[PDB]
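Engineer: First the structure, then my questions, so here it is.
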Amino acid sequence: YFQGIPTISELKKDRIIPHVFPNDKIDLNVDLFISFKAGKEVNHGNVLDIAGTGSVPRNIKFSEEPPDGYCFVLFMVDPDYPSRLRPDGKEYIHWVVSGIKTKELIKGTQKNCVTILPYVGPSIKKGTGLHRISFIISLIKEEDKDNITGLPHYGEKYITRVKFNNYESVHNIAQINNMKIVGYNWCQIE
């Protein structure tokens, strides 16, 4: 199931650094497997057809449990909103699940998880390049699993203008909440 934690080189290849993570001072220690459906998996920037991605991934596995006293937070984010091809591109958050203590999510849930922001499919506007749809795992203390600050509370992607006044990138959300970023995977969808 596990293809190997992405290297700094792999992250730089698709410009995940600096676009998503601003520098190489990231220390990933959890490998992440994601299957949207049979045969359509998220593997370090592979291109997926949007046709397979409308529903929450059928299966997600983490190579390790979180440290004692901690849980995983999973974010799915499009860092290429509105477009991969224009420099104003910012992050649109598609899914946030916290309270993750065990290694498998089946159709987006597991016992005791807390879905903070429900899954919304990529919803990518045609002709806006290959969006680097991202799955970011961070660590949160058990006691704070239900209190993540700095999250957006959106209308519909593209249809309604996003207000960026209180915008925070996942990098910055992790800083604000004192969460180590510990795992990452991505694909590209146009």
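When the letters of the sequence shown are read in order and numbered with the authors' numbering, they come out as residues 15 to 168, 170 to 205.
Think of the CB as a built atom: it goes at the ideal place given N, C-alpha and C, for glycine as much as any other residue.
#1: If you draw a straight line from the C-alpha of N161 to the C-alpha of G198, how long is it?
#2: Would you list the one or two residues that DSSP bridges to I196?
#3: For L46, tell me which candidate among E78, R98, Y168 has the shortest Cα-Cα distance.
#4: For the putative contact between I138 and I204, defined by C-beta atoms under 8 Å, what is the C-beta separation to the nearest angstrom?
#5: Apart from the five residues on each side of it in sequence, which residues of its chain come closer than 7 Å, Cβ to Cβ, to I48?
#6: For the segment 84-102 against the segment 121-140, do three or more pairs of beta-carbon atoms, one drawn from each stretch, fall closer than 8 Å, so that the two count as touching?
#7: Can you name, in chain order, every residue of its own chain whose Cβ lies under 7 Å from the Cβ of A189, other than the five neighbours on each side?
#8: If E105 sits next to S184, beta carbons under 8 Å apart, how far is it from one beta carbon to the other, in whole angstroms?
#9: DSSP state of residue 169, grouped into three classes?
#10: Is the beta carbon of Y133 closer than 8 Å to that of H167?
#11: Of the choices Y84, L25, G103, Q17, whose alpha-carbon is the least far from that of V177?
Structural biologist: Let's see:
#1: As a first step, residue 161 must be located in the sequence shown, where it is residue number 147. As a first step, residue 198 must be located in the sequence shown, where it is residue number 183. Going by the C-alpha atoms only, they are around 21 Å apart.
#2: For this step, residue 196 is matched to residue 181 along the sequence shown. The partner list for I196 (beta bridge, DSSP) reads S152.
#3: Position 32 of the sequence shown, counted from the first residue, corresponds to residue 46. Nearest C-alpha to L46: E78.
#4: The residue labelled residue 138 in the question sits at position 124 within the sequence shown. The residue labelled residue 204 in the question sits at position 189 within the sequence shown. Confirmed, Cβ separation roughly 6 Å.
#5: On the sequence shown, residue 48 is found 34 positions in, with the first residue counted as 1. The residues are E55, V56, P71, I74, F149, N200.
#6: yes
#7: For the purposes of this step, residue 189 is identified with residue 174 of the sequence shown, where counting begins at 1. Around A189: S152, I196.
#8: The residue given as residue 105 occupies position 91 in the sequence shown. The residue given as residue 184 occupies position 169 in the sequence shown. With 8 Å as the limit, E105 and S184 qualify as a contact, their Cβ atoms being about 5 Å apart.
#9: Missing here is residue 169: after 168, the next number in the chain is 170.
#10: What you label residue 167 is simply residue 153 of the sequence shown in a count that begins at 1. What you label residue 133 is simply residue 119 of the sequence shown in a count that begins at 1. Taking 8 Å as the Cβ cut-off, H167 and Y133 do not qualify as a contacting pair.
#11: As a first step, residue 177 is located in the sequence shown; it is residue number 162 there, counting from the start. Nearest of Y84, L25, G103, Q17 to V177, Cα basis: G103.
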